[PDB]
Structure formats: C-alpha cells, structure tokens
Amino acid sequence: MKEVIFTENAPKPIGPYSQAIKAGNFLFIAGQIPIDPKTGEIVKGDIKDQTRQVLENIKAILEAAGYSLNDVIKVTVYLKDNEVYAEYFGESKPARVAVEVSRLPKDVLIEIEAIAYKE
C-alpha cells in the first residue's frame, strides 16, 4: 500500500513534494530543514538550535506516520561546510551517512532525510 503523510507539526512543503510517503513497511521522509512548523519561519540560530528543530520535525512526521524513534533505520546528514542525536537515535542506532555540501535550501545549516521500518 502507499500513503502520503502530512501533519501540521512539521514544516509544510511549499513546492511539489510531501513530508513522507509510507511504502509498505518503510517510511521515506523528505529532506528536513530547520523551519518552525507553528510559524513557518526558518530558525536563525546556531547549528545546535537548527539541528534540534530538524530532529523535532522528523519526530513529528514519524509520529503522524505512526512510527516511533526506534523505527528509524537510516539517516543521511547534509551539513553546510552532538548529544542532541542520542536522545533521538539512542534506542534506534540507525545506519548513518554524513557529508558536507555547498549550500542547502534556504541557506540553512543542516538538512536531514530519514527512513524508518516497522513490521
């Protein structure tokens, strides 16, 4: 089965894409950036405040999709050229990919895309 996920607790995609799609038992979450869902405005803070907003958004999507943090299996982290993660990926310990790039959408510091599983 296939379902497009959408909750008001994570940034609202403005372009042609969804927050997350549940395909079978896998959940593919779109690249997340630091945007406060309630206000729709990008946080202009330090890497830790931005990274926390991102992880908060991902969690919102996981929850709306009916998953929990320990269902997360793979995380790709893109940074603009961290105990924060442990409270989120501690009981999960997903496989990780991390790279630095030129720029992210809306000149943000960090972007994260995730995949989760649930039997």
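Don't overthink the numbering: it's just position in the shown sequence, from 1.
Size class of the missing deposited segment between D81 and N82:
The entry leaves 4 to 9 residues without coordinates here.
Name the higher of the two by mean Cα B-factor in the PDB entry, 23-31 versus 41-49.
In the deposited entry, the stretch with the higher C-alpha B-factor mean is 41-49.
In the PDB record, does 104-112 or 13-21 carry the higher mean Cα temperature factor?
Of 13-21 and 104-112, the stretch with the higher C-alpha B-factor average is 104-112.
Selection by C-alpha B-factor (highest) of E56, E63, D71, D36:
Spelled out: the listed residue with the top C-alpha B-factor is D36.
Within this chain's modelled residues, let me know which third the CA B factor of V75 belongs to: lowest, middle or highest.
As the PDB entry reports it, the C-alpha B-factor of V75 lands in the lowest third of its chain.
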